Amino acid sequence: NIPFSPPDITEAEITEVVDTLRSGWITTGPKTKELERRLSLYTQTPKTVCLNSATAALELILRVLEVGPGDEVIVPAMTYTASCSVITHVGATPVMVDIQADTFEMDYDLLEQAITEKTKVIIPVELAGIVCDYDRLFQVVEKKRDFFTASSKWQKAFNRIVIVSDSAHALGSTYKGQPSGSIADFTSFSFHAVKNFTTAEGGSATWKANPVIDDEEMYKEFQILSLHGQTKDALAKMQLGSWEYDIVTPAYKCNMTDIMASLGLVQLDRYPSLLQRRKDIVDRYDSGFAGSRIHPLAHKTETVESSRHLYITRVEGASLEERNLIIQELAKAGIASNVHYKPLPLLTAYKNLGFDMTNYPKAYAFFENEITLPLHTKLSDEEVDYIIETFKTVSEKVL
């Protein structure tokens, strides 16, 4: 009975959390700070802001950029709701763009056509750990510069559409040897229970090195937005009784605890071997399914080395009904599986805001025959062999 995504937690993680629980710092403290430092080294970015979710990280990026009512934010039609929800939270207008025929990525021609005078941010999603075609994306925003008009402080520092990576799945992924985090202008990460790297709940915001961003000043802004808008002046912090503070904006509550950071520090030590195990599982699946009607998204390309978060596959010539039936047959054989994703316009939330599935047929076609197999580091080679064999047999029989 093979589960889809159980957590891989050892005694080292437990010992580190216990150490936090014997200290005076059980919420944001020295270990969150240390995790930020070490994650910045790993993602090859100057500073990292650890928070309580990727959804928090993604939303604060937008709030730092002061994206708001009147502004537009392009998102793929094929993604998880959290990529798009944050756009509605800040009051901006989501603009969905349909995807390509071979891949989850946005059709970049349609992306170009979708850009307007109101466009402030593109949010590509590094689905399953596979990083998007960023050469193409930066080409597009440069080309469409002068549609852009800066209506905020940080928008002025860039003078173009800002690319913000939804890297929820992509910690440790690379694009042309560069780590995710260091490619897009801003990037958000998830450390949710079911991700490769986890703090049960948690996430981060980072940004690549850019001459027009003071990194300390940018970090201070995230911190302020994450901890109720609280600031202290230099006088108040020097004083022995440092009680006095101001609230500059009526902000949010999404800081990371040293409980979560503890988990993070140990996960990050163990992460390169967890990636290797994930690599070995994917390669064994790839052999197994070669020459079959089961077509996996490629986690190793000319440009990309994926984190290998999700084993997304599509079954050739399978209808919606036939897909649903395969998944149930997989479960009767004790193999959990999933679907990434219903395109956003199938969801009641986005229907209700006027998004219609017929404008994004490639997204629907991706969804129709998609099946995600288990990919985690508690799977054995025998379980992988069984999933391969069963999935091939169950698909044959249904067809």
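Numbering starts at 1 and follows the sequence shown.
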- Note on the structure: Higher of the two mean Cα B-factors (26-34, 328-336; per PDB record) comes from 328-336
- Task: Please work out which of 228-236 and 305-313 has the higher mean CA B-factor as recorded in the PDB entry.
- Result: 228-236
- Item | Candidate residues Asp185, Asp214, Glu126, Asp258, the one whose C-alpha B factor the record puts highest | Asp214
- For the C-alpha B-factor as written in the entry, point me to the maximum among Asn210, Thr199, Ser204, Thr249. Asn210
- Task: Compare the C-alpha B factor of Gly181 with those of the other modelled residues in its chain, then answer lowest, middle or highest third.
- Result: lowest
- Message: Per the entry's values, where does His299 land by CA temperature factor relative to the rest of its chain, in the lowest, middle or highest third?
- Response: middle
- Item | Within-chain third of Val86 by Cα B-factor, per the entry | lowest
- Task: Please place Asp146 in the lowest, middle or highest third of its chain by C-alpha B factor as given in the entry.
- Result: highest
- Sort the modelled residues of this chain by their C-alpha B factor and say whether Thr15 lands in the lowest, middle or highest third. lowest
